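Okay, so here's the structure we're looking at.
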Amino acid sequence: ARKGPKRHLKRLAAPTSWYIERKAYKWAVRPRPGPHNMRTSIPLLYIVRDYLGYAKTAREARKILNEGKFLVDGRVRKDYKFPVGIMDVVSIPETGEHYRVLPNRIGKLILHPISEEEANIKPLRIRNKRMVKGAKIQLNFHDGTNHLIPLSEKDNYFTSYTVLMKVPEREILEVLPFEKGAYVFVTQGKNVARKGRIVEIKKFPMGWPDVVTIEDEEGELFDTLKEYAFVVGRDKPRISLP
Amino acid sequence: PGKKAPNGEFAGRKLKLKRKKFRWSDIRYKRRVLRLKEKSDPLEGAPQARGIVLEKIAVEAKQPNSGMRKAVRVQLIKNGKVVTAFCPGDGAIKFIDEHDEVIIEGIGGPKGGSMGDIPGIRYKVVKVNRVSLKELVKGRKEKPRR
Amino acid sequence: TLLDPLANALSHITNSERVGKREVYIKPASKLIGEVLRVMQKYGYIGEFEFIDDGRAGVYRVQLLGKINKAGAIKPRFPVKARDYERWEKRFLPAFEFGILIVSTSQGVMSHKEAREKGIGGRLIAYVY
Amino acid sequence: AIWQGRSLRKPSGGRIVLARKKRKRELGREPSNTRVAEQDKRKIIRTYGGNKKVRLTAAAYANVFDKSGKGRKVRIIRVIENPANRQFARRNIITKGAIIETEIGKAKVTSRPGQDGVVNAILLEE
Amino acid sequence: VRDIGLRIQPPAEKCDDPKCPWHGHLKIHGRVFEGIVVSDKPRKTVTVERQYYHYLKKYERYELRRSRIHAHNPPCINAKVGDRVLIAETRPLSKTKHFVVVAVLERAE
RNA sequence: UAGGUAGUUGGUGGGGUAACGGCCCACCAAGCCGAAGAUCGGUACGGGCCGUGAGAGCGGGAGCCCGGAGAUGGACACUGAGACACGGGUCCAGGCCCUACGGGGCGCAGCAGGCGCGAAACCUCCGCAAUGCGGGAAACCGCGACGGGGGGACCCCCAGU
Ligand SMILES: [Mg+2]
Ligand SMILES: [Mg+2]
Ligand SMILES: [Mg+2]
Ligand SMILES: [Zn+2]
């Protein structure tokens, strides 16, 4: 860590949301930079080989990768270091199956299987919002991917909303607002993977983030951070959450 | 005398200070923190050492006893010091000759000092010419280099 | 000088009852003293008590029954969490429920046996058994 | 060898023994004293990360400005009363508070020449 | 009335300099403390003291501790010795000034 | 081991930097730490953790992971997104080597192996099949990293005579 950037990774010091065996070998895969961050994503090899089992060694998993067999978000990926993350739709178009990446109830990542007519839309949270040259609006999303909207619809797209886009094309349909009454699914924290409706929003001065209070089906008020609640549908969710 | 000095709730500093102050009236602690054993120790924190014998001598025993205990003068190699070491066993001194290399351990007394009626000696011989002494005393092995 | 009117009372009580007396006078009378007498009574250690005014802070008359072994003050007044009582009950008392340990909880003065039922803590002031 | 790292003396007055060596990312460069001349010279530097820095070294024009936002490129004559250093106005060194004497009045410099490679000014009032 | 993100009331005058958070071009962001002034000898700087308790663990008792820091003192709220002040955190202003005074409470006594 | 500090503490205007800053400079002041231990000496890589004890505690921080620092000792620059670079470049000091005597070179705190010191520590072995990294459009190629054996009363578990 002296003269330049790190390049390897150890099994011991790996992210603890991965489902890997930490004492079997010495090295893990150092994930290439890409869409999501490193505490909420996993390389592409550990899905071809460890999770689904289509390969036994890496040398025969890197032969079916660069043949155009794996479709992460509608588009073909070939390198074994690509990060796959929350609310992605990995899809194997030959075998005929689909999946969605989601966090567990204790924090790890899974591959909850979904339909085919639902393997076509992806939810996206709004993280920031700014103005670019020509006086247009750029919406920055929860996995570092962008979109432009005119200066006449700057009233439908505040931050922490949710947008539903067709995956390989990115045409907006059905924005979901954030307010009291909407249906949220938690992403990180200590209330991981719990659903419900919103009851309250509370704000603090001088830098600290704001909190949200939620009520689930059987009836229990808990709370999380406001940017951990992912709005998926209003009054009834849109994603086949498990 | 009264009760005991700083038994207050907000008197932590003075209580810790009194303890640290009186811990120095000890001798096992002062001698372990100032490291006084080293700086005055001919063997330098080793369990054993090696030397080359200069002359063979005999010591007189304590008062309620009688007899002469045989010993040698060893000249260490890592330092250059000269110590006095004891040869344990019945007839051992007839196997030690001058210009020999010997190995040296402690003698195992109280506090690391000396033991029994040999009062000033604090080391004992274990090996002669890379051949254990215990064997030589009871047959069972022969001495190299003459 | 005088620094603790509660310790003086509890030592006076345990000194008097050890030689056979049947009445004592707790001279400087707080209302903390009265509050601790109240809970020494409900568990059956003393008889009945009354507050007599004398123009200067008042006195307390209490009748003894010869039913206590030892009473005293836990002085430095340590705090306790609502789940850490046994650590102190193993230090002051002689068996697993022998006697009471008086606690100055945020809802008054009470014995640790009623603090564990609400699940609260506070400062320990004294102990009787 | 102009090291711009930490200091070697605590706020209390005790000395500090350095524990490492000088990193190449902490160093400094020479002051580019801008002069007045009849032709302006400037160089280009490569900086940390591959960026650049235009570095003015002699000055010829002034880019004087006004209150209605009307600039004019006119040349300068000499410097008077640079408060930065006591002996700059004499040697004609233009730093940033300098009072430039253009050929249309006086002016006050409002840009850093050694960093931008231009001289800008506002038309100082009497 | 202007706020800066503290939900408190601004001073009753106007300043000059640009190192003032209320009237100038400084931004505050970080911790927010509270103490009493122990010197203002040099120009525009004070020294603020606050106290807390350290809990030893072997002896299970407490212990009194201090902390002296240095803060910029804008000319619109110039604080003397012996008064409560609220101070906030921002970028390095000098070798040893990294805080700024924002509001004064209990001037005299 | 009782006083220590004079770019030392602060202000005003600037230079320099990727960047804030007495980090440097020109002027104006007299501030700043300290018996609740400053300054100066001593010893020491910091932590997760490890030994011992009924617990309160006392003792240690070589091996595995995470941060820091170093490449015979001291100074200094070029190329690059990143270095003032262990198998890249200059100068001094201190060692050694080849030479047709004019000139050239080298520095294992990488893996085996050698000398010296010591009471004290192993083979000059086989492989890119596995985990990973660099290169390449890809099949692939390289790796004393990592993987396989050789030597040794290293620590644990299960048995024989
Ligand atoms: Mg300045
Ligand atoms: Mg050291
Ligand atoms: Mg050994
Ligand atoms: Zn102001």
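Ordered as shown in the structure tokens, chains take letters A, B, and onward, while each chain numbers its residues from 1 and ligands are numbered from 1 in the order shown.
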Produce a table with one row for each residue of chain D that has an atom at most 6 Å from any atom of chain F, each row naming the nearest atom pair and its distance in Å at one decimal; use only C-alpha atoms (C1' of nucleotides); arrange rows by chain and rising residue number; format as CSV.
```
residue,atom,partner,partner_atom,distance
D:4,CA,F:23,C1',4.7
D:12,CA,F:33,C1',4.2
D:13,CA,F:5,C1',4.8
D:24,CA,F:84,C1',5.5
D:48,CA,F:18,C1',5.8
D:83,CA,F:13,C1',5.9
D:84,CA,F:13,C1',4.8
D:85,CA,F:26,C1',4.4
D:86,CA,F:26,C1',5.8
```
Next, write the just-selected residues to a file, as a PDB file, in the first residue's frame, keeping N, CA and C atoms as the atom set.
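File written: selection-v4.pdb
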```pdb
ATOM      1  N   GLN D   4       7.454  21.116   1.408  1.00  0.00           N
ATOM      2  CA  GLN D   4       6.335  21.797   2.043  1.00  0.00           C
ATOM      3  C   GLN D   4       5.548  20.874   2.959  1.00  0.00           C
ATOM      4  N   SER D  12       4.437  23.466  21.618  1.00  0.00           N
ATOM      5  CA  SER D  12       4.952  23.696  22.948  1.00  0.00           C
ATOM      6  C   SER D  12       6.409  24.086  22.942  1.00  0.00           C
ATOM      7  N   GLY D  13       7.158  23.723  21.907  1.00  0.00           N
ATOM      8  CA  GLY D  13       8.553  24.094  21.800  1.00  0.00           C
ATOM      9  C   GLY D  13       9.525  22.939  21.821  1.00  0.00           C
ATOM     10  N   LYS D  24       7.810  12.445  -2.757  1.00  0.00           N
ATOM     11  CA  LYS D  24       7.894  13.271  -3.950  1.00  0.00           C
ATOM     12  C   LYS D  24       6.633  14.096  -4.147  1.00  0.00           C
ATOM     13  N   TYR D  48       0.958  17.337 -10.810  1.00  0.00           N
ATOM     14  CA  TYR D  48       0.505  16.093 -10.200  1.00  0.00           C
ATOM     15  C   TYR D  48      -0.757  15.577 -10.861  1.00  0.00           C
ATOM     16  N   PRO D  83       1.973  46.115  -1.641  1.00  0.00           N
ATOM     17  CA  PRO D  83       1.990  45.920  -0.184  1.00  0.00           C
ATOM     18  C   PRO D  83       2.535  44.568   0.243  1.00  0.00           C
ATOM     19  N   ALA D  84       2.593  43.626  -0.694  1.00  0.00           N
ATOM     20  CA  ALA D  84       3.088  42.294  -0.387  1.00  0.00           C
ATOM     21  C   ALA D  84       4.513  42.353   0.134  1.00  0.00           C
ATOM     22  N   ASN D  85       5.421  42.882  -0.663  1.00  0.00           N
ATOM     23  CA  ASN D  85       6.823  42.951  -0.300  1.00  0.00           C
ATOM     24  C   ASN D  85       7.309  44.385  -0.355  1.00  0.00           C
ATOM     25  N   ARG D  86       8.298  44.678   0.469  1.00  0.00           N
ATOM     26  CA  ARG D  86       8.705  46.056   0.652  1.00  0.00           C
ATOM     27  C   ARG D  86       9.519  46.582  -0.512  1.00  0.00           C
TER      28      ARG D  86
END
```
Inset, instruction - Write out as number ranges by chain each polymer residue whose atoms come within 6 Å of range 24-26 of chain C, counting only C-alpha atoms (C1' of nucleotides); drop sequence neighbours fewer than 2 positions from it. - result: C: 9, 59-62
Export, as an mmCIF file, in the first residue's frame, the selected residues with N, CA, C and O atoms.
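Output below, filename again04.cif:
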```
data_model
loop_
_atom_site.group_PDB
_atom_site.id
_atom_site.type_symbol
_atom_site.label_atom_id
_atom_site.label_comp_id
_atom_site.auth_asym_id
_atom_site.auth_seq_id
_atom_site.Cartn_x
_atom_site.Cartn_y
_atom_site.Cartn_z
ATOM 1 N N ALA C 9 -27.055 6.599 61.198
ATOM 2 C CA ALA C 9 -28.255 5.899 61.613
ATOM 3 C C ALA C 9 -28.077 4.399 61.520
ATOM 4 O O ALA C 9 -28.451 3.664 62.435
ATOM 5 N N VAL C 59 -36.454 14.420 64.909
ATOM 6 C CA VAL C 59 -35.893 13.153 65.368
ATOM 7 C C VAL C 59 -36.797 12.018 64.891
ATOM 8 O O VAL C 59 -37.896 12.247 64.393
ATOM 9 N N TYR C 60 -36.332 10.778 65.044
ATOM 10 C CA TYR C 60 -37.073 9.570 64.682
ATOM 11 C C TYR C 60 -37.009 8.571 65.819
ATOM 12 O O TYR C 60 -35.916 8.179 66.232
ATOM 13 N N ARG C 61 -38.164 8.125 66.298
ATOM 14 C CA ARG C 61 -38.231 7.021 67.244
ATOM 15 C C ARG C 61 -38.607 5.753 66.489
ATOM 16 O O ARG C 61 -39.549 5.754 65.701
ATOM 17 N N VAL C 62 -37.862 4.680 66.725
ATOM 18 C CA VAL C 62 -38.045 3.400 66.052
ATOM 19 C C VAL C 62 -37.902 2.312 67.094
ATOM 20 O O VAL C 62 -36.996 2.370 67.925
#
```
Please identify every residue of chain E that has at least one atom no farther than 12 Å from an atom of ligand 1, counting only C-alpha atoms and all ligand atoms, and for each give the shortest atom pair and the distance in Å to one decimal, arranged by chain then increasing number, as CSV.
```
residue,atom,partner,partner_atom_place_in_ligand_line,distance
E:18,CA,ligand 1,1 (Mg),11.9
E:19,CA,ligand 1,1 (Mg),11.0
E:92,CA,ligand 1,1 (Mg),11.2
E:93,CA,ligand 1,1 (Mg),8.5
E:94,CA,ligand 1,1 (Mg),8.2
E:95,CA,ligand 1,1 (Mg),11.0
```
Could the residues in this selection be saved with C-alpha atoms as a compact mmCIF listing (two decimals), in the first residue's frame?
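The result, stored in selection.txt:
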```
# COMPACT_ATOMS: atom_id res chain seq x y z
CA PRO E 18 -14.34 36.98 5.19
CA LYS E 19 -13.42 34.44 7.90
CA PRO E 92 -7.44 24.69 9.05
CA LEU E 93 -7.19 28.44 9.68
CA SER E 94 -3.61 28.54 11.02
CA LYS E 95 -1.13 26.12 12.51
```
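On the backbone of this structure, DSSP gives strand (DSSP E or B) within range 30-101 of chain B to residues 49, 50, 51, 52, 53, 54, 55, 56, 57, 58, 59, 60, 68, 69, 70, 71, 72, 73, 74, 75, 76, 82, 83, 84, 85, 86 and 101 of chain B.
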Keeping only N, CA, C and O atoms, write the selected residues as an mmCIF file, in the first residue's frame.
```
data_model
loop_
_atom_site.group_PDB
_atom_site.id
_atom_site.type_symbol
_atom_site.label_atom_id
_atom_site.label_comp_id
_atom_site.auth_asym_id
_atom_site.auth_seq_id
_atom_site.Cartn_x
_atom_site.Cartn_y
_atom_site.Cartn_z
ATOM 1 N N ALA B 49 26.184 -21.713 28.407
ATOM 2 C CA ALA B 49 27.287 -21.020 27.750
ATOM 3 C C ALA B 49 28.473 -21.957 27.645
ATOM 4 O O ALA B 49 28.451 -23.071 28.155
ATOM 5 N N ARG B 50 29.519 -21.490 26.987
ATOM 6 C CA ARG B 50 30.677 -22.318 26.696
ATOM 7 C C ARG B 50 31.954 -21.583 27.055
ATOM 8 O O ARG B 50 32.051 -20.373 26.847
ATOM 9 N N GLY B 51 32.933 -22.308 27.584
ATOM 10 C CA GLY B 51 34.200 -21.707 27.940
ATOM 11 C C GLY B 51 35.353 -22.673 27.777
ATOM 12 O O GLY B 51 35.183 -23.797 27.321
ATOM 13 N N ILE B 52 36.527 -22.214 28.186
ATOM 14 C CA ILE B 52 37.774 -22.953 28.041
ATOM 15 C C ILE B 52 38.522 -22.901 29.366
ATOM 16 O O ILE B 52 38.852 -21.816 29.850
ATOM 17 N N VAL B 53 38.803 -24.069 29.941
ATOM 18 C CA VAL B 53 39.214 -24.149 31.336
ATOM 19 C C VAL B 53 40.670 -23.727 31.517
ATOM 20 O O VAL B 53 41.547 -24.085 30.728
ATOM 21 N N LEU B 54 40.932 -22.974 32.584
ATOM 22 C CA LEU B 54 42.255 -22.436 32.873
ATOM 23 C C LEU B 54 43.012 -23.198 33.948
ATOM 24 O O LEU B 54 44.199 -23.459 33.777
ATOM 25 N N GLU B 55 42.372 -23.553 35.059
ATOM 26 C CA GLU B 55 43.030 -24.311 36.116
ATOM 27 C C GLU B 55 41.964 -25.039 36.922
ATOM 28 O O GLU B 55 40.795 -24.659 36.915
ATOM 29 N N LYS B 56 42.387 -26.085 37.635
ATOM 30 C CA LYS B 56 41.510 -26.922 38.442
ATOM 31 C C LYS B 56 41.777 -26.666 39.911
ATOM 32 O O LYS B 56 42.933 -26.612 40.333
ATOM 33 N N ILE B 57 40.710 -26.521 40.698
ATOM 34 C CA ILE B 57 40.803 -26.045 42.072
ATOM 35 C C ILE B 57 39.922 -26.898 42.981
ATOM 36 O O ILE B 57 39.130 -27.722 42.526
ATOM 37 N N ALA B 58 40.065 -26.669 44.287
ATOM 38 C CA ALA B 58 39.312 -27.354 45.325
ATOM 39 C C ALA B 58 38.887 -26.355 46.387
ATOM 40 O O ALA B 58 39.688 -25.536 46.837
ATOM 41 N N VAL B 59 37.624 -26.441 46.802
ATOM 42 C CA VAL B 59 37.044 -25.517 47.767
ATOM 43 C C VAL B 59 36.733 -26.278 49.052
ATOM 44 O O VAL B 59 36.490 -27.484 49.043
ATOM 45 N N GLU B 60 36.743 -25.556 50.165
ATOM 46 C CA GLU B 60 36.367 -26.118 51.454
ATOM 47 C C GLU B 60 34.884 -25.901 51.706
ATOM 48 O O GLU B 60 34.315 -24.896 51.285
ATOM 49 N N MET B 68 36.192 -31.463 50.649
ATOM 50 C CA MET B 68 36.658 -30.568 49.606
ATOM 51 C C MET B 68 35.910 -30.862 48.320
ATOM 52 O O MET B 68 35.883 -32.005 47.863
ATOM 53 N N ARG B 69 35.319 -29.828 47.741
ATOM 54 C CA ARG B 69 34.565 -29.940 46.503
ATOM 55 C C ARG B 69 35.421 -29.456 45.341
ATOM 56 O O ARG B 69 36.026 -28.387 45.415
ATOM 57 N N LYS B 70 35.465 -30.240 44.274
ATOM 58 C CA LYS B 70 36.345 -29.954 43.154
ATOM 59 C C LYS B 70 35.646 -29.091 42.112
ATOM 60 O O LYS B 70 34.456 -29.254 41.843
ATOM 61 N N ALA B 71 36.406 -28.185 41.502
ATOM 62 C CA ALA B 71 35.837 -27.213 40.581
ATOM 63 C C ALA B 71 36.906 -26.783 39.588
ATOM 64 O O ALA B 71 38.055 -27.214 39.667
ATOM 65 N N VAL B 72 36.510 -25.932 38.639
ATOM 66 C CA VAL B 72 37.404 -25.418 37.610
ATOM 67 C C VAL B 72 37.136 -23.937 37.403
ATOM 68 O O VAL B 72 36.124 -23.397 37.848
ATOM 69 N N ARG B 73 38.061 -23.280 36.708
ATOM 70 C CA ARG B 73 37.929 -21.882 36.301
ATOM 71 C C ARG B 73 37.656 -21.869 34.810
ATOM 72 O O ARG B 73 38.468 -22.366 34.031
ATOM 73 N N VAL B 74 36.546 -21.287 34.403
ATOM 74 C CA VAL B 74 36.171 -21.246 32.999
ATOM 75 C C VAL B 74 36.332 -19.823 32.492
ATOM 76 O O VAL B 74 36.051 -18.864 33.212
ATOM 77 N N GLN B 75 36.801 -19.685 31.263
ATOM 78 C CA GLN B 75 36.998 -18.389 30.635
ATOM 79 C C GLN B 75 36.048 -18.288 29.455
ATOM 80 O O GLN B 75 36.273 -18.924 28.424
ATOM 81 N N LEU B 76 35.003 -17.487 29.594
ATOM 82 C CA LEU B 76 33.909 -17.514 28.637
ATOM 83 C C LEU B 76 34.396 -17.041 27.275
ATOM 84 O O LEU B 76 35.508 -16.545 27.122
ATOM 85 N N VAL B 82 35.814 -14.587 33.546
ATOM 86 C CA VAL B 82 36.349 -15.776 34.197
ATOM 87 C C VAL B 82 35.427 -16.117 35.354
ATOM 88 O O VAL B 82 35.272 -15.314 36.279
ATOM 89 N N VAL B 83 34.821 -17.305 35.305
ATOM 90 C CA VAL B 83 33.894 -17.771 36.328
ATOM 91 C C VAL B 83 34.442 -19.047 36.952
ATOM 92 O O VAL B 83 35.423 -19.623 36.485
ATOM 93 N N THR B 84 33.782 -19.492 38.019
ATOM 94 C CA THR B 84 34.163 -20.685 38.770
ATOM 95 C C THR B 84 33.003 -21.670 38.741
ATOM 96 O O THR B 84 31.915 -21.343 39.212
ATOM 97 N N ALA B 85 33.240 -22.871 38.220
ATOM 98 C CA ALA B 85 32.191 -23.849 37.961
ATOM 99 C C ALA B 85 32.495 -25.201 38.605
ATOM 100 O O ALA B 85 33.645 -25.612 38.713
ATOM 101 N N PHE B 86 31.443 -25.926 38.987
ATOM 102 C CA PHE B 86 31.540 -27.137 39.798
ATOM 103 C C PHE B 86 31.274 -28.392 38.971
ATOM 104 O O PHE B 86 30.351 -28.421 38.157
ATOM 105 N N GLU B 101 37.157 -27.516 26.231
ATOM 106 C CA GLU B 101 35.957 -26.695 26.123
ATOM 107 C C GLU B 101 34.872 -27.364 26.944
ATOM 108 O O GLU B 101 34.669 -28.572 26.856
#
```
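For the choices E:25, E:61, E:44, E:70, the atom-to-atom distance to chain C is smallest for E:61 when using only C-alpha atoms.
Within 9 Å of range 108-118 of chain C, once only C-alpha atoms (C1' of nucleotides) are used and residues closer than 6 positions along the same chain are dropped, the contacting residues are residues 32, 35, 36, 39, 82, 83, 85, 100, 101, 102 and 127 of chain C.
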Nearby polymer residues, ligand 3, at most 12 Å, only C-alpha atoms (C1' of nucleotides) and all ligand atoms, as a PDB file with N, CA, C and O atoms (P, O5', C5', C4', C3', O3' and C1' of nucleotides), in the first residue's frame:
```
ATOM      1  P     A F 119      28.215 -19.728  23.108  1.00  0.00           P
ATOM      2  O5'   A F 119      26.935 -20.669  23.233  1.00  0.00           O
ATOM      3  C5'   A F 119      27.061 -22.059  23.501  1.00  0.00           C
ATOM      4  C4'   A F 119      25.729 -22.762  23.504  1.00  0.00           C
ATOM      5  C3'   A F 119      24.945 -22.677  22.217  1.00  0.00           C
ATOM      6  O3'   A F 119      25.323 -23.688  21.300  1.00  0.00           O
ATOM      7  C1'   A F 119      23.545 -22.138  24.048  1.00  0.00           C
ATOM      8  P     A F 120      25.294 -23.410  19.725  1.00  0.00           P
ATOM      9  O5'   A F 120      23.772 -23.059  19.441  1.00  0.00           O
ATOM     10  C5'   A F 120      22.990 -24.050  18.823  1.00  0.00           C
ATOM     11  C4'   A F 120      21.549 -23.648  18.993  1.00  0.00           C
ATOM     12  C3'   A F 120      21.023 -22.924  17.780  1.00  0.00           C
ATOM     13  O3'   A F 120      20.536 -23.805  16.756  1.00  0.00           O
ATOM     14  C1'   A F 120      20.517 -21.710  19.768  1.00  0.00           C
ATOM     15  P     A F 121      21.483 -24.146  15.505  1.00  0.00           P
ATOM     16  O5'   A F 121      20.518 -24.193  14.251  1.00  0.00           O
ATOM     17  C5'   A F 121      19.717 -25.323  13.956  1.00  0.00           C
ATOM     18  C4'   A F 121      18.454 -24.880  13.273  1.00  0.00           C
ATOM     19  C3'   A F 121      18.663 -24.089  11.989  1.00  0.00           C
ATOM     20  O3'   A F 121      18.589 -24.935  10.848  1.00  0.00           O
ATOM     21  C1'   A F 121      17.273 -22.873  13.492  1.00  0.00           C
ATOM     22  P     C F 122      19.776 -25.060   9.774  1.00  0.00           P
ATOM     23  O5'   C F 122      19.192 -26.067   8.684  1.00  0.00           O
ATOM     24  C5'   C F 122      19.426 -27.469   8.775  1.00  0.00           C
ATOM     25  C4'   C F 122      18.429 -28.293   7.989  1.00  0.00           C
ATOM     26  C3'   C F 122      18.582 -28.305   6.465  1.00  0.00           C
ATOM     27  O3'   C F 122      18.254 -29.602   5.966  1.00  0.00           O
ATOM     28  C1'   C F 122      16.414 -27.617   7.036  1.00  0.00           C
ATOM     29  P     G F 152      15.186 -36.668   9.635  1.00  0.00           P
ATOM     30  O5'   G F 152      14.941 -35.482  10.653  1.00  0.00           O
ATOM     31  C5'   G F 152      16.010 -34.682  11.112  1.00  0.00           C
ATOM     32  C4'   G F 152      15.518 -33.616  12.051  1.00  0.00           C
ATOM     33  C3'   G F 152      14.619 -34.092  13.166  1.00  0.00           C
ATOM     34  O3'   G F 152      15.382 -34.646  14.220  1.00  0.00           O
ATOM     35  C1'   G F 152      13.778 -32.078  12.220  1.00  0.00           C
ATOM     36  P     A F 153      14.705 -35.558  15.341  1.00  0.00           P
ATOM     37  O5'   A F 153      14.231 -34.497  16.415  1.00  0.00           O
ATOM     38  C5'   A F 153      13.791 -34.912  17.693  1.00  0.00           C
ATOM     39  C4'   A F 153      12.333 -34.611  17.899  1.00  0.00           C
ATOM     40  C3'   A F 153      12.062 -33.514  18.906  1.00  0.00           C
ATOM     41  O3'   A F 153      10.792 -32.922  18.610  1.00  0.00           O
ATOM     42  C1'   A F 153      11.256 -35.549  19.752  1.00  0.00           C
ATOM     43  P     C F 154      10.599 -32.009  17.297  1.00  0.00           P
ATOM     44  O5'   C F 154       9.523 -30.926  17.713  1.00  0.00           O
ATOM     45  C5'   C F 154       9.939 -29.723  18.330  1.00  0.00           C
ATOM     46  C4'   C F 154       8.950 -28.613  18.120  1.00  0.00           C
ATOM     47  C3'   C F 154       7.535 -28.883  18.575  1.00  0.00           C
ATOM     48  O3'   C F 154       7.357 -28.743  19.975  1.00  0.00           O
ATOM     49  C1'   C F 154       7.500 -27.919  16.431  1.00  0.00           C
TER      50        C F 154
END
```
Inset, instruction - Can you tell me which residues come within 10 Å of ligand 2 when counting only C-alpha atoms (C1' of nucleotides) and all ligand atoms, ideally as JSON, numbers by chain? - result: {"F": [43, 44, 45]}
Please give me, as a CSV table (one decimal) with N, CA and C atoms, in the first residue's frame, the residues lying within 6 Å of ligand 4 when counting only C-alpha atoms (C1' of nucleotides) and all ligand atoms.
```
chain,number,residue,atom,x,y,z
E,14,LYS,N,-23.0,43.7,12.2
E,14,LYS,CA,-22.4,43.3,10.9
E,14,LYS,C,-20.9,43.3,11.0
E,15,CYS,N,-20.2,42.4,10.3
E,15,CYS,CA,-18.8,42.2,10.4
E,15,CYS,C,-18.1,42.8,9.2
E,20,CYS,N,-15.7,35.0,8.7
E,20,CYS,CA,-16.8,35.0,9.6
E,20,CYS,C,-17.8,34.1,9.0
E,22,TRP,N,-21.1,34.0,9.6
E,22,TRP,CA,-22.4,34.6,9.5
E,22,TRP,C,-22.4,35.7,8.4
E,23,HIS,N,-21.3,36.4,8.2
E,23,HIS,CA,-21.3,37.5,7.3
E,23,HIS,C,-20.3,37.3,6.1
E,76,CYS,N,-17.6,40.5,15.3
E,76,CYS,CA,-19.0,40.9,15.6
E,76,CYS,C,-19.4,40.3,16.9
```
Inset, instruction - For chain F, report every residue with an atom at most 10 Å from chain A (counting only C-alpha atoms (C1' of nucleotides)), formatted as a PyMOL selection string. - result: chain F and resi 64-69+81-83+85+130-133+138-139+146
Inset, instruction - Considering only C-alpha atoms, state which residue in the set C:78, C:43, C:49, C:88 is at the smallest distance from chain B. - result: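 Answer, going by the shortest atom-to-atom distance: C:78.
Computed from the coordinates, the CA of residue 68 in chain A to CA of residue 167 in chain A distance equals 17.5 Å.
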For residue 32 in chain E, please output as a compact mmCIF listing (two decimals) with N, CA, C and O atoms, in the first residue's frame all residues within 7 Å (counting only C-alpha atoms (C1' of nucleotides); exclusion window: fewer than 5 positions along the same chain).
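Resulting contents of result15.txt:
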```
# COMPACT_ATOMS: atom_id res chain seq x y z
N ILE E 87 -18.89 26.65 19.79
CA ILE E 87 -17.89 26.67 18.73
C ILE E 87 -18.11 25.50 17.79
O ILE E 87 -18.58 24.44 18.19
N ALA E 88 -17.76 25.71 16.52
CA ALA E 88 -17.98 24.73 15.47
C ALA E 88 -16.66 24.44 14.76
O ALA E 88 -15.66 25.11 14.99
N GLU E 89 -16.67 23.42 13.91
CA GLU E 89 -15.44 22.93 13.30
C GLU E 89 -15.42 23.27 11.82
O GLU E 89 -16.46 23.24 11.16
```
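Ranking C:7, C:86, C:75, C:16 by their shortest atom-to-atom distance to residue 123 in chain C, with only C-alpha atoms included, puts C:75 first.
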